[PDB]
Structures are given as C-alpha cells and as structure tokens.
$ cat work.tsv   # TSV, C-alpha atoms
chain	number	residue	atom	x	y	z
A	28	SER	CA	18.79	21.58	23.95
A	29	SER	CA	15.83	21.66	21.59
A	30	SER	CA	16.42	18.01	20.60
A	31	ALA	CA	16.60	16.82	24.20
A	32	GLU	CA	13.28	18.49	24.96
A	33	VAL	CA	11.64	16.52	22.14
A	34	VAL	CA	13.28	13.28	23.32
A	35	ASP	CA	11.78	13.96	26.75
A	36	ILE	CA	8.37	14.37	25.09
A	37	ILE	CA	8.80	11.07	23.23
A	38	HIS	CA	9.47	9.23	26.49
A	39	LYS	CA	6.56	10.98	28.25
A	40	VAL	CA	4.16	10.07	25.43
A	41	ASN	CA	5.32	6.53	24.85
A	42	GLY	CA	5.56	5.87	28.58
A	43	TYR	CA	2.01	7.16	29.12
A	44	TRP	CA	0.73	4.87	26.39
A	45	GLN	CA	2.56	1.75	27.60
A	46	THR	CA	1.66	2.39	31.25
A	47	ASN	CA	-2.00	2.62	30.37
A	48	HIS	CA	-1.88	-0.44	28.03
A	49	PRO	CA	0.01	-3.21	29.86
A	50	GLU	CA	-1.89	-5.93	27.98
A	51	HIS	CA	-1.51	-6.56	24.27
A	52	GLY	CA	-4.34	-6.85	21.79
A	53	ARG	CA	-4.79	-8.02	18.26
A	54	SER	CA	-2.61	-7.51	15.21
A	55	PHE	CA	-5.15	-5.29	13.36
A	56	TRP	CA	-4.24	-1.91	11.93
A	57	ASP	CA	-4.94	0.43	14.81
A	58	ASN	CA	-2.69	-1.48	17.23
A	59	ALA	CA	-0.22	-2.16	14.44
A	60	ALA	CA	0.01	1.54	13.60
A	61	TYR	CA	0.96	2.31	17.20
A	62	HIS	CA	3.71	-0.30	16.91
A	63	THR	CA	5.17	1.40	13.86
A	64	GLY	CA	5.60	4.46	16.07
A	65	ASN	CA	6.97	2.49	19.01
A	66	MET	CA	9.53	0.93	16.72
A	67	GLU	CA	10.52	4.38	15.49
A	68	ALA	CA	10.99	5.51	19.10
A	69	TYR	CA	13.14	2.42	19.78
A	70	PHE	CA	15.30	3.10	16.72
A	71	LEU	CA	15.79	6.70	17.91
A	72	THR	CA	16.32	6.15	21.63
A	73	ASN	CA	17.33	2.50	22.13
A	74	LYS	CA	15.14	2.28	25.24
A	75	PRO	CA	14.93	-1.48	25.96
A	76	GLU	CA	11.39	-1.37	27.28
A	77	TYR	CA	10.16	-0.22	23.87
A	78	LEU	CA	11.63	-3.20	22.09
A	79	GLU	CA	10.18	-5.49	24.70
A	80	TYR	CA	6.71	-4.00	24.27
A	81	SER	CA	6.63	-4.63	20.52
A	82	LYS	CA	8.14	-8.13	20.96
A	83	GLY	CA	5.38	-8.91	23.48
A	84	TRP	CA	2.71	-7.83	21.02
A	85	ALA	CA	4.24	-9.84	18.20
A	86	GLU	CA	4.43	-12.93	20.40
A	87	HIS	CA	0.84	-12.41	21.59
A	88	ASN	CA	-0.25	-12.36	17.90
A	89	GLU	CA	1.94	-15.36	17.02
A	90	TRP	CA	3.82	-13.35	14.39
A	91	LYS	CA	0.65	-13.36	12.24
A	92	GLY	CA	-2.04	-10.99	11.06
A	93	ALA	CA	-5.40	-12.62	10.35
A	94	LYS	CA	-5.03	-16.33	11.15
A	95	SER	CA	-6.95	-18.31	8.50
A	96	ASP	CA	-5.09	-21.05	6.60
A	97	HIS	CA	-8.00	-21.51	4.15
A	98	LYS	CA	-6.74	-19.53	1.16
A	99	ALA	CA	-10.04	-19.96	-0.74
A	100	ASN	CA	-11.76	-17.93	2.02
A	101	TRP	CA	-9.11	-15.18	2.04
A	102	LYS	CA	-10.61	-11.74	1.54
A	103	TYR	CA	-9.40	-8.20	1.01
A	104	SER	CA	-12.46	-6.03	1.46
A	105	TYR	CA	-13.05	-4.66	4.98
A	106	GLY	CA	-13.18	-7.22	7.73
A	107	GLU	CA	-11.82	-7.88	11.19
A	108	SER	CA	-12.21	-11.64	11.21
A	109	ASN	CA	-9.54	-14.24	10.53
A	110	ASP	CA	-10.41	-14.69	6.84
A	111	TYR	CA	-9.25	-11.12	6.05
A	112	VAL	CA	-5.67	-12.16	5.44
A	113	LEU	CA	-5.30	-10.18	2.21
A	114	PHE	CA	-6.76	-6.99	3.65
A	115	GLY	CA	-3.95	-4.51	4.24
A	116	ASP	CA	-5.29	-3.58	7.65
A	117	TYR	CA	-4.17	-7.11	8.65
A	118	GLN	CA	-0.78	-6.70	7.01
A	119	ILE	CA	0.64	-3.60	8.65
A	120	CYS	CA	1.66	-5.84	11.56
A	121	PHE	CA	4.21	-7.34	9.16
A	122	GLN	CA	6.12	-4.04	9.25
A	123	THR	CA	6.84	-4.58	12.94
A	124	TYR	CA	7.52	-8.28	12.50
A	125	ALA	CA	10.10	-7.42	9.82
A	126	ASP	CA	11.70	-4.74	12.04
A	127	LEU	CA	11.97	-7.22	14.90
A	128	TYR	CA	13.44	-9.81	12.50
A	129	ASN	CA	16.08	-7.35	11.31
A	130	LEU	CA	17.21	-6.84	14.92
A	131	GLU	CA	17.22	-10.58	15.74
A	132	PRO	CA	16.76	-12.73	12.62
A	133	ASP	CA	14.67	-15.85	13.11
A	134	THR	CA	12.71	-17.45	10.24
A	135	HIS	CA	9.46	-17.72	12.18
A	136	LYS	CA	9.15	-13.96	12.68
A	137	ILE	CA	8.51	-13.30	8.98
A	138	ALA	CA	7.16	-16.72	7.91
A	139	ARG	CA	3.56	-15.61	7.88
A	140	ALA	CA	4.39	-12.23	6.32
A	141	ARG	CA	6.17	-13.96	3.46
A	142	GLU	CA	3.50	-16.66	3.02
A	143	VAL	CA	0.75	-14.08	2.77
A	144	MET	CA	2.47	-11.51	0.61
A	145	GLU	CA	3.98	-14.09	-1.74
A	146	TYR	CA	0.56	-15.70	-2.22
A	147	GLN	CA	-0.96	-12.25	-2.82
A	148	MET	CA	1.70	-11.41	-5.41
A	149	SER	CA	0.97	-14.70	-7.23
A	150	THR	CA	-2.65	-13.72	-7.80
A	151	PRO	CA	-3.59	-11.70	-10.91
A	152	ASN	CA	-5.54	-9.05	-9.04
A	153	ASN	CA	-4.18	-5.48	-9.04
A	154	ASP	CA	-6.80	-3.91	-6.76
A	155	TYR	CA	-5.64	-4.82	-3.24
A	156	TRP	CA	-5.02	-1.15	-2.27
A	157	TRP	CA	-8.50	0.29	-2.73
A	158	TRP	CA	-8.45	2.86	0.08
A	159	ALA	CA	-5.86	5.50	0.83
A	160	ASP	CA	-4.83	4.30	4.26
A	161	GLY	CA	-3.82	0.96	2.78
A	162	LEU	CA	-0.81	2.64	1.23
A	163	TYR	CA	0.75	3.21	4.66
A	164	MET	CA	-0.35	-0.22	5.82
A	165	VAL	CA	1.25	-2.19	3.01
A	166	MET	CA	3.76	-0.22	0.93
A	167	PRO	CA	6.44	-0.45	3.64
A	168	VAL	CA	5.79	-4.19	3.94
A	169	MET	CA	6.91	-4.50	0.34
A	170	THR	CA	10.13	-2.58	0.84
A	171	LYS	CA	10.97	-4.24	4.21
A	172	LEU	CA	10.43	-7.71	2.79
A	173	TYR	CA	12.45	-6.84	-0.28
A	174	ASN	CA	15.41	-5.84	1.83
A	175	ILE	CA	15.25	-9.16	3.68
A	176	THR	CA	14.49	-11.54	0.81
A	177	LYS	CA	15.96	-9.63	-2.16
A	178	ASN	CA	13.03	-11.00	-4.15
A	179	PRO	CA	12.41	-8.40	-6.91
A	180	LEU	CA	8.74	-9.30	-7.19
A	181	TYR	CA	8.08	-7.26	-4.02
A	182	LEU	CA	9.20	-4.12	-5.82
A	183	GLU	CA	7.34	-4.91	-9.00
A	184	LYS	CA	4.12	-5.47	-7.09
A	185	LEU	CA	4.65	-2.36	-4.95
A	186	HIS	CA	4.49	-0.46	-8.23
A	187	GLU	CA	1.54	-2.38	-9.66
A	188	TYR	CA	-0.56	-2.03	-6.51
A	189	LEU	CA	0.27	1.66	-6.01
A	190	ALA	CA	-0.40	2.40	-9.67
A	191	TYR	CA	-3.91	1.02	-9.16
A	192	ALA	CA	-4.53	3.08	-6.04
A	193	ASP	CA	-3.18	6.22	-7.71
A	194	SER	CA	-5.35	5.67	-10.78
A	195	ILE	CA	-8.52	5.67	-8.67
A	196	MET	CA	-7.76	8.02	-5.77
A	197	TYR	CA	-5.18	10.59	-6.89
A	198	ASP	CA	-6.65	13.87	-8.09
A	199	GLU	CA	-4.08	15.24	-10.51
A	200	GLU	CA	-5.47	18.79	-10.39
A	201	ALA	CA	-5.52	19.07	-6.61
A	202	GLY	CA	-2.46	16.93	-5.98
A	203	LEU	CA	-4.18	15.00	-3.14
A	204	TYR	CA	-5.69	11.57	-2.61
A	205	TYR	CA	-9.33	10.88	-2.01
A	206	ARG	CA	-9.92	8.49	0.82
A	207	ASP	CA	-11.40	5.97	-1.65
A	208	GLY	CA	-13.13	6.03	-5.02
A	209	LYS	CA	-16.62	7.09	-3.64
A	210	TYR	CA	-15.28	10.52	-2.50
A	211	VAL	CA	-14.37	11.86	-5.89
A	212	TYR	CA	-15.53	15.36	-7.02
A	213	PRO	CA	-17.91	16.52	-8.40
A	214	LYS	CA	-20.25	13.67	-7.44
A	215	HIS	CA	-19.14	14.18	-3.82
A	216	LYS	CA	-18.25	17.58	-2.38
A	217	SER	CA	-17.67	18.98	1.07
A	218	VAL	CA	-20.71	20.73	2.58
A	219	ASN	CA	-19.44	24.07	1.16
A	220	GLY	CA	-18.71	22.76	-2.34
A	221	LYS	CA	-14.97	22.01	-2.10
A	222	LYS	CA	-13.17	18.84	-3.05
A	223	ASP	CA	-13.28	16.62	0.04
A	224	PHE	CA	-9.87	15.16	0.96
A	225	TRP	CA	-9.64	13.45	4.35
A	226	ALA	CA	-6.59	14.65	6.27
A	227	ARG	CA	-5.80	11.36	7.98
A	228	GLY	CA	-6.15	9.62	4.58
A	229	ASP	CA	-3.55	11.84	2.98
A	230	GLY	CA	-1.42	11.61	6.09
A	231	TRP	CA	-1.22	7.87	5.71
A	232	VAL	CA	-0.16	8.25	2.09
A	233	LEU	CA	2.53	10.87	2.63
A	234	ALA	CA	4.00	8.96	5.57
A	235	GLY	CA	3.83	5.74	3.60
A	236	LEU	CA	5.68	7.22	0.68
A	237	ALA	CA	8.37	8.49	3.06
A	238	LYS	CA	8.80	4.98	4.43
A	239	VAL	CA	9.04	3.56	0.90
A	240	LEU	CA	11.72	6.07	-0.06
A	241	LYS	CA	13.62	5.33	3.16
A	242	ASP	CA	14.12	1.68	2.27
A	243	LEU	CA	13.77	1.37	-1.50
A	244	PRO	CA	17.07	0.64	-3.31
A	245	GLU	CA	18.47	3.76	-4.96
A	246	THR	CA	18.55	1.83	-8.27
A	247	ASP	CA	14.93	0.73	-8.35
A	248	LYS	CA	13.41	1.39	-11.78
A	249	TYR	CA	10.21	2.91	-10.36
A	250	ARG	CA	11.89	5.15	-7.73
A	251	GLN	CA	11.53	8.35	-9.69
A	252	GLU	CA	7.76	7.86	-9.96
A	253	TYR	CA	7.53	7.57	-6.19
A	254	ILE	CA	9.71	10.62	-5.67
A	255	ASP	CA	7.65	12.60	-8.15
A	256	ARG	CA	4.40	11.71	-6.40
A	257	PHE	CA	5.86	12.37	-2.97
A	258	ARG	CA	6.87	15.84	-4.13
A	259	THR	CA	3.45	16.64	-5.67
A	260	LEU	CA	1.57	15.42	-2.62
A	261	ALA	CA	3.88	17.30	-0.27
A	262	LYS	CA	3.33	20.53	-2.12
A	263	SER	CA	-0.42	20.27	-2.02
A	264	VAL	CA	-0.35	19.23	1.64
A	265	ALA	CA	1.76	22.19	2.57
A	266	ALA	CA	-0.47	24.58	0.64
A	267	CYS	CA	-3.60	23.75	2.61
A	268	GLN	CA	-2.24	23.89	6.16
A	269	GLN	CA	-4.47	26.00	8.35
A	270	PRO	CA	-3.04	29.26	9.69
A	271	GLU	CA	-3.07	27.61	13.17
A	272	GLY	CA	-0.67	24.84	11.98
A	273	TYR	CA	-3.00	21.86	11.82
A	274	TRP	CA	-4.93	20.35	8.96
A	275	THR	CA	-8.69	20.06	9.24
A	276	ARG	CA	-10.50	16.79	8.76
A	277	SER	CA	-11.60	17.99	5.26
A	278	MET	CA	-8.26	19.45	4.19
A	279	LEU	CA	-9.65	22.05	1.77
A	280	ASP	CA	-12.76	23.05	3.76
A	281	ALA	CA	-12.19	24.07	7.36
A	282	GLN	CA	-15.91	24.76	7.96
A	283	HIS	CA	-17.03	21.30	6.90
A	284	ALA	CA	-15.53	19.74	10.03
A	285	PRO	CA	-13.88	22.50	12.01
A	286	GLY	CA	-11.00	22.87	14.33
A	287	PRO	CA	-7.86	20.95	15.19
A	288	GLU	CA	-7.16	17.33	14.33
A	289	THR	CA	-3.98	15.52	15.31
A	290	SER	CA	-3.53	12.31	13.37
A	291	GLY	CA	-3.39	13.83	9.87
A	292	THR	CA	-1.31	16.69	11.10
A	293	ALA	CA	1.17	14.33	12.81
A	294	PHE	CA	1.57	12.13	9.75
A	295	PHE	CA	2.18	15.25	7.65
A	296	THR	CA	4.72	16.56	10.15
A	297	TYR	CA	6.55	13.23	9.87
A	298	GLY	CA	6.38	12.98	6.09
A	299	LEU	CA	7.31	16.59	5.39
A	300	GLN	CA	10.19	16.63	7.88
A	301	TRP	CA	11.37	13.25	6.63
A	302	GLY	CA	11.34	14.49	3.05
A	303	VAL	CA	13.32	17.61	3.99
A	304	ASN	CA	15.79	15.53	6.04
A	305	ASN	CA	16.28	12.99	3.25
A	306	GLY	CA	16.76	15.31	0.33
A	307	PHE	CA	13.50	15.00	-1.54
A	308	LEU	CA	11.76	18.20	-0.43
A	309	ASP	CA	12.83	21.83	-0.55
A	310	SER	CA	14.11	22.80	2.95
A	311	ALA	CA	13.35	26.50	2.73
A	312	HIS	CA	9.83	25.93	1.39
A	313	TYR	CA	8.74	23.18	3.81
A	314	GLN	CA	10.54	23.89	7.08
A	315	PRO	CA	8.22	26.79	8.01
A	316	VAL	CA	5.18	24.54	7.49
A	317	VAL	CA	6.72	21.87	9.69
A	318	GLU	CA	7.48	24.42	12.36
A	319	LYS	CA	3.86	25.57	12.53
A	320	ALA	CA	2.70	21.94	12.64
A	321	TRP	CA	5.07	20.99	15.44
A	322	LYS	CA	3.97	24.05	17.32
A	323	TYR	CA	0.39	22.74	17.19
A	324	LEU	CA	1.43	19.20	18.14
A	325	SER	CA	3.54	20.24	21.08
A	326	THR	CA	1.31	22.97	22.46
A	327	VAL	CA	-2.24	21.95	21.69
A	328	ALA	CA	-2.35	18.21	20.95
A	329	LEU	CA	0.12	17.13	23.65
A	330	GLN	CA	-1.10	17.08	27.26
A	331	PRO	CA	1.34	17.39	30.14
A	332	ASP	CA	0.97	13.79	31.24
A	333	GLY	CA	1.84	12.52	27.76
A	334	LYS	CA	-1.68	11.99	26.40
A	335	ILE	CA	-2.08	12.93	22.72
A	336	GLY	CA	-5.40	14.65	22.16
A	337	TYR	CA	-7.58	15.92	19.30
A	338	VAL	CA	-7.33	12.58	17.52
A	339	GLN	CA	-10.32	12.01	15.19
A	340	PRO	CA	-11.88	8.78	16.57
A	341	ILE	CA	-12.64	5.69	14.48
A	342	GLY	CA	-16.29	5.81	15.44
A	343	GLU	CA	-16.80	9.52	14.93
A	344	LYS	CA	-20.25	10.96	14.15
A	345	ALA	CA	-19.89	14.65	13.24
A	346	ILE	CA	-21.66	17.51	11.56
A	347	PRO	CA	-20.53	21.04	10.72
A	348	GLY	CA	-20.00	23.25	13.76
A	349	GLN	CA	-18.57	20.43	15.89
A	350	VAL	CA	-14.94	20.04	16.90
A	351	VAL	CA	-12.95	16.91	17.80
A	352	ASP	CA	-12.77	16.05	21.49
A	353	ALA	CA	-9.61	17.56	22.96
A	354	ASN	CA	-9.26	14.45	25.11
A	355	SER	CA	-9.61	12.02	22.26
A	356	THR	CA	-6.59	9.78	21.87
A	357	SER	CA	-5.89	6.54	20.10
A	358	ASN	CA	-3.23	3.98	19.40
A	359	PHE	CA	-2.76	5.17	15.80
A	360	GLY	CA	-2.70	8.84	16.88
A	361	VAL	CA	0.08	8.15	19.37
A	362	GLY	CA	1.90	6.22	16.67
A	363	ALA	CA	1.66	9.17	14.28
A	364	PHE	CA	2.77	11.60	16.97
A	365	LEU	CA	5.81	9.44	17.74
A	366	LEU	CA	6.78	9.40	14.06
A	367	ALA	CA	6.58	13.19	13.89
A	368	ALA	CA	8.53	13.66	17.12
A	369	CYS	CA	11.27	11.22	16.21
A	370	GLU	CA	11.83	12.87	12.85
A	371	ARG	CA	11.96	16.25	14.56
A	372	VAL	CA	14.78	15.04	16.81
A	373	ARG	CA	16.68	14.01	13.70
A	374	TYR	CA	16.20	17.49	12.19
A	375	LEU	CA	17.17	19.33	15.37
A	376	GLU	CA	20.29	17.24	15.88
A	377	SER	CA	21.47	18.28	12.34
A	378	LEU	CA	21.63	21.94	13.34
A	379	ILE	CA	24.97	23.57	14.38
A	380	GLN	CA	25.59	23.57	18.18
A	381	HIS	CA	26.77	27.03	19.10

$ encode --input "work.tsv" --output "structure tokens"
Amino acid sequence: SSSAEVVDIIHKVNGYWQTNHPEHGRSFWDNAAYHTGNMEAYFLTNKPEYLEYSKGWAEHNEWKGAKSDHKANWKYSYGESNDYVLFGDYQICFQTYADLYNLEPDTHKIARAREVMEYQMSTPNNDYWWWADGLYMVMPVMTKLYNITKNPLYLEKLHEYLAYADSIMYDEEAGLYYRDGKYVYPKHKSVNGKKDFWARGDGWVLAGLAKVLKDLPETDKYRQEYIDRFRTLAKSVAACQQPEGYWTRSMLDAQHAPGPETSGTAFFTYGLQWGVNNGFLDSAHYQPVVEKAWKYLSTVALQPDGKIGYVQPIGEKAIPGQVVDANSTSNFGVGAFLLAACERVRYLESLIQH
C-alpha cells in the first residue's frame, strides 16, 4: 500500500537519525525542531522508542530552554547562552515538553514553559517575533499551553505577537514573508532583481500556521485571520514551486541560489498537505503541487539508508552557480521531512481501498 511504503520511509529516516545520535544535546531550536518531527512520528506510529528518545532529551535539558533565573538579564535578540530565555529559538523546546505532558501529565514538565511565557506575556513589548522562523518556534507553544491551562491570554498574545511579525515581514503584494525586516524590496533584491523570499523562512511560517490551526479552539475570535493568512501564503507558495517539485532557496529567483533544497520544500509539503487534509485549502488546486513535492522528497532528497539530503546548512556560504550539498543533512531538515511524511500517510490513508 502507498501509505505503508511511506510509514516504512518514516521508520528508516527516524531510525537513521536516532542511531547516529545516541546522545542528546541542548534544547536550542535546531535540536528542538527535530523533536517536533519525532513527536509527529510517535503520534502517527506509536513506536515506543520514539517517545523514549524525546523524553530522554527533555530530561537531559531539565524540561527547560535557556536556564537563567535572572529575569533582568533575559534577552530576545539572537543568542545561544542561558540569558536568551525570551528568544523563541529557546522556546520551541516547550512544544515537545507540552506534548510529553499531554501524554503523561506532571507539573514539572511545563513549569518552565509556563514561567517563561507567562512572564513574557506580562511585559508590554509586542516585538518578540522579529524573524520569520520564530513563528514556527513559538506560535504552537501558545496554542499548546492554551489547551493545557485554558488561560485566554495565550491566545490574545498569539495574535498580538503575530500581528507584529506580519506587519514587518508579510509582503501583501507577493503573499510571502521576508525572513526579517532587512530583506524587504526594493532596498534588497535577489541578484537578478526579484523579491528575495527565503524558502526555509516561509516553510517555517506555513508549517507554524498549520500547527496553530490544528490546536486553536474553533471559537477563537482571531481564527479567521489566521485562516485567511494561511490561505494567502499557501497560494503564493504553490505558485512558485519549481517545475522539478522543490522550492529554491530564493523562492522567486531560481538562479540566485540554484538547485534543490529540502527543508523549505518539506515544510511546504507538510503545511500544504495539512491544509488540504484539514479543510482549509482547495484539494484539487493543491494536491498536484504536493504530489510533485513529495516526488522530490522521496526520490531526490531521501537516500536509501534514511539520510535526508539537500538540506541548506546553518553555516552556508553560497554564491550564484552553486548548489546545496546533496549529502547535507541536519536535525531540523529531518524534522521537516518527518512532518511532511507523516501528513502524507494521513492523506493516503483517506483514499478508498479498492
């Protein structure tokens, strides 16, 4: 069966990753993004080893992101040190902590998540989500913690923080997000004069919006705004897919940074399939796009031992003419791939069995 083949891929991929990473590292975004994918695979397949792997990581990180208790030193610009408690890259771990709590509730699992987010929400600042990726990192924290606490402030602040991000990064004409406020046209252009939208950036946003819509109460007063943006972003994403099924690093300018890239493509394949499967996106319009994307992921990105290649690396240096390393993988790329694959299983299992 088509669905069973994709389940087998999920186990090959996730097994490869876990085999090659027996030791856990820090709670920061790249590891945390992998865990969002591992949790998805656990929800789909119930394989006990997957749950154990995320529990081990959470325990290793003491159910915390950045560790500082000195609130006056807490920062939300980029940093990797323990003062960066309010930086969303140190909050995506809370998504996994909340998931683990939901399976086996224990106060300590979400204590830090609640302490940090509730302090953040008490501050006047509206500008916590100042880069596109932050939307994936933190929006689902707000919805997951709402569903646990039933504290409406989480949903009010989800709106306030996203409204800020949208105001700076969303291009209404193009229907896509800039990676941050420095990349806006016309001051910045791609090397061939196009608007420059980073594929992984928009991937984070589309996938993040899918996760918000998954868990947000159907009655939430801001839900229609999120749906509306999800639909606009999806349409623009679909429109700039390459003929080969992937999205290039600069979504609207294939020559700027040529050739395949996996992480953006995988996040889009998740978000678009999720939106079709959950009644927000037009099936007939989007399914062909998803099919071309999955074809790329399964044939070109995926290696037969389970390695996920063509992932744009964090440290990349690149100029026009140069492609991504076929053998480039990462934690967050595997996470994105797992999201896409899991959602594909859900789609395939919906189809009539003849």

$ closest_atom_pairs --input "work.tsv" --of "stretch 105-218 of chain A" --to "stretch 246-250 of chain A" --cutoff "12 Å" --atoms "only C-alpha atoms" --output "CSV"
residue,atom,partner,partner_atom,distance
A:170,CA,A:247,CA,10.9
A:173,CA,A:247,CA,11.3
A:179,CA,A:247,CA,9.6
A:180,CA,A:247,CA,11.8
A:181,CA,A:247,CA,11.4
A:182,CA,A:247,CA,7.9
A:183,CA,A:249,CA,8.4
A:184,CA,A:249,CA,10.9
A:185,CA,A:249,CA,9.4
A:186,CA,A:249,CA,7.0
A:187,CA,A:249,CA,10.2
A:189,CA,A:249,CA,10.9
A:190,CA,A:249,CA,10.6

$ write_last_selection --input "work.tsv" --atoms "C-alpha atoms" --output "compact mmCIF listing (two decimals), in the frame of the given file"
# COMPACT_ATOMS: atom_id res chain seq x y z
CA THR A 170 10.13 -2.58 0.84
CA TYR A 173 12.45 -6.84 -0.28
CA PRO A 179 12.41 -8.40 -6.91
CA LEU A 180 8.74 -9.30 -7.19
CA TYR A 181 8.08 -7.26 -4.02
CA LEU A 182 9.20 -4.12 -5.82
CA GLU A 183 7.34 -4.91 -9.00
CA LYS A 184 4.12 -5.47 -7.09
CA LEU A 185 4.65 -2.36 -4.95
CA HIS A 186 4.49 -0.46 -8.23
CA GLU A 187 1.54 -2.38 -9.66
CA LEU A 189 0.27 1.66 -6.01
CA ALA A 190 -0.40 2.40 -9.67

$ residues_around --input "work.tsv" --residues "stretch 344-359 of chain A" --least-positions-apart "2" --cutoff "10 Å" --atoms "all atoms listed in the file" --output "PyMOL selection string"
chain A and resi 44+48+56-64+218+275-276+281-290+327-330+334-342+361-365

$ atom_distance --input "work.tsv" --atom1 "atom CA of residue A:38" --atom2 "atom CA of residue A:85"
21.4 Å

$ atom_distance --input "work.tsv" --atom1 "atom CA of residue A:93" --atom2 "atom CA of residue A:112"
4.9 Å

$ closest_residue --input "work.tsv" --among "A:209, A:139, A:373, A:381" --to "residue A:68" --atoms "all atoms listed in the file"
A:373

$ atom_distance --input "work.tsv" --atom1 "atom CA of residue A:227" --atom2 "atom CA of residue A:313"
19.2 Å

$ closest_residue --input "work.tsv" --among "A:103, A:253, A:121, A:204" --to "residue A:240" --atoms "only C-alpha atoms"
A:253

$ closest_residue --input "work.tsv" --among "A:160, A:273, A:195, A:266" --to "residue A:232" --atoms "only C-alpha atoms"
A:160

$ closest_residue --input "work.tsv" --among "A:141, A:241, A:222, A:171" --to "residue A:254" --atoms "only C-alpha atoms"
A:241

$ residues_around --input "work.tsv" --residues "residue A:377" --least-positions-apart "5" --cutoff "12 Å" --atoms "only C-alpha atoms" --output "MDAnalysis selection string"
chainID A and resid 29:30 303:305 370:372

$ residues_around --input "work.tsv" --residues "residue A:312" --least-positions-apart "3" --cutoff "10 Å" --atoms "all atoms listed in the file" --output "number ranges by chain"
A: 262, 265, 303, 308-309, 315-317

$ closest_residue --input "work.tsv" --among "A:307, A:158, A:90, A:224" --to "residue A:257" --atoms "all atoms listed in the file"
A:307

$ closest_residue --input "work.tsv" --among "A:277, A:111, A:78, A:269" --to "residue A:131" --atoms "only C-alpha atoms"
A:78

$ residues_near_point --input "work.tsv" --point "(6.3, 7.4, 26.0)" --cutoff "9 Å" --atoms "all atoms listed in the file" --output "ChimeraX atom specification"
/A:35-46,65,68,77,333,365

$ residues_around --input "work.tsv" --residues "residue A:172" --least-positions-apart "5" --cutoff "9 Å" --atoms "all atoms listed in the file" --output "tab-separated table (two decimals) with C-alpha atoms, in the coordinates of the input"
chain	number	residue	atom	x	y	z
A	121	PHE	CA	4.21	-7.34	9.16
A	122	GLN	CA	6.12	-4.04	9.25
A	125	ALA	CA	10.10	-7.42	9.82
A	137	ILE	CA	8.51	-13.30	8.98
A	140	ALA	CA	4.39	-12.23	6.32
A	141	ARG	CA	6.17	-13.96	3.46
A	167	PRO	CA	6.44	-0.45	3.64
A	177	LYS	CA	15.96	-9.63	-2.16
A	178	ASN	CA	13.03	-11.00	-4.15
A	181	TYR	CA	8.08	-7.26	-4.02

$ build_atoms --input "work.tsv" --residues "stretch 258-269 of chain A" --atoms "N, CA, C and O atoms" --output "PDB file, keeping the file's coordinate frame"
ATOM      1  N   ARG A 258       6.707  14.401  -4.015  1.00  0.00           N
ATOM      2  CA  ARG A 258       6.870  15.840  -4.130  1.00  0.00           C
ATOM      3  C   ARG A 258       5.557  16.558  -4.444  1.00  0.00           C
ATOM      4  O   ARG A 258       5.320  17.643  -3.895  1.00  0.00           O
ATOM      5  N   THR A 259       4.722  15.975  -5.325  1.00  0.00           N
ATOM      6  CA  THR A 259       3.450  16.640  -5.670  1.00  0.00           C
ATOM      7  C   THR A 259       2.506  16.653  -4.470  1.00  0.00           C
ATOM      8  O   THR A 259       1.877  17.669  -4.136  1.00  0.00           O
ATOM      9  N   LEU A 260       2.436  15.522  -3.797  1.00  0.00           N
ATOM     10  CA  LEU A 260       1.570  15.420  -2.620  1.00  0.00           C
ATOM     11  C   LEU A 260       2.053  16.352  -1.509  1.00  0.00           C
ATOM     12  O   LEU A 260       1.255  17.071  -0.903  1.00  0.00           O
ATOM     13  N   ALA A 261       3.363  16.382  -1.287  1.00  0.00           N
ATOM     14  CA  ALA A 261       3.880  17.300  -0.270  1.00  0.00           C
ATOM     15  C   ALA A 261       3.518  18.748  -0.521  1.00  0.00           C
ATOM     16  O   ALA A 261       3.134  19.499   0.390  1.00  0.00           O
ATOM     17  N   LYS A 262       3.610  19.141  -1.786  1.00  0.00           N
ATOM     18  CA  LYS A 262       3.330  20.530  -2.120  1.00  0.00           C
ATOM     19  C   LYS A 262       1.906  20.904  -1.857  1.00  0.00           C
ATOM     20  O   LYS A 262       1.609  21.967  -1.283  1.00  0.00           O
ATOM     21  N   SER A 263       1.009  20.005  -2.237  1.00  0.00           N
ATOM     22  CA  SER A 263      -0.420  20.270  -2.020  1.00  0.00           C
ATOM     23  C   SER A 263      -0.802  20.201  -0.536  1.00  0.00           C
ATOM     24  O   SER A 263      -1.626  20.977  -0.061  1.00  0.00           O
ATOM     25  N   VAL A 264      -0.179  19.295   0.192  1.00  0.00           N
ATOM     26  CA  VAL A 264      -0.350  19.230   1.640  1.00  0.00           C
ATOM     27  C   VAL A 264       0.085  20.529   2.288  1.00  0.00           C
ATOM     28  O   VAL A 264      -0.654  21.139   3.069  1.00  0.00           O
ATOM     29  N   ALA A 265       1.295  20.992   1.976  1.00  0.00           N
ATOM     30  CA  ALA A 265       1.760  22.190   2.570  1.00  0.00           C
ATOM     31  C   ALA A 265       0.855  23.399   2.266  1.00  0.00           C
ATOM     32  O   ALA A 265       0.624  24.226   3.142  1.00  0.00           O
ATOM     33  N   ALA A 266       0.321  23.446   1.052  1.00  0.00           N
ATOM     34  CA  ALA A 266      -0.470  24.580   0.640  1.00  0.00           C
ATOM     35  C   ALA A 266      -1.769  24.738   1.352  1.00  0.00           C
ATOM     36  O   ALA A 266      -2.310  25.815   1.385  1.00  0.00           O
ATOM     37  N   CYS A 267      -2.301  23.671   1.932  1.00  0.00           N
ATOM     38  CA  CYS A 267      -3.600  23.750   2.610  1.00  0.00           C
ATOM     39  C   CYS A 267      -3.524  23.607   4.129  1.00  0.00           C
ATOM     40  O   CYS A 267      -4.537  23.472   4.803  1.00  0.00           O
ATOM     41  N   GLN A 268      -2.358  23.819   4.701  1.00  0.00           N
ATOM     42  CA  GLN A 268      -2.240  23.890   6.160  1.00  0.00           C
ATOM     43  C   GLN A 268      -3.070  25.052   6.674  1.00  0.00           C
ATOM     44  O   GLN A 268      -3.080  26.121   6.064  1.00  0.00           O
ATOM     45  N   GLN A 269      -3.761  24.867   7.797  1.00  0.00           N
ATOM     46  CA  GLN A 269      -4.470  26.000   8.350  1.00  0.00           C
ATOM     47  C   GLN A 269      -3.476  27.012   8.930  1.00  0.00           C
ATOM     48  O   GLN A 269      -2.353  26.664   9.315  1.00  0.00           O
TER      49      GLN A 269
END
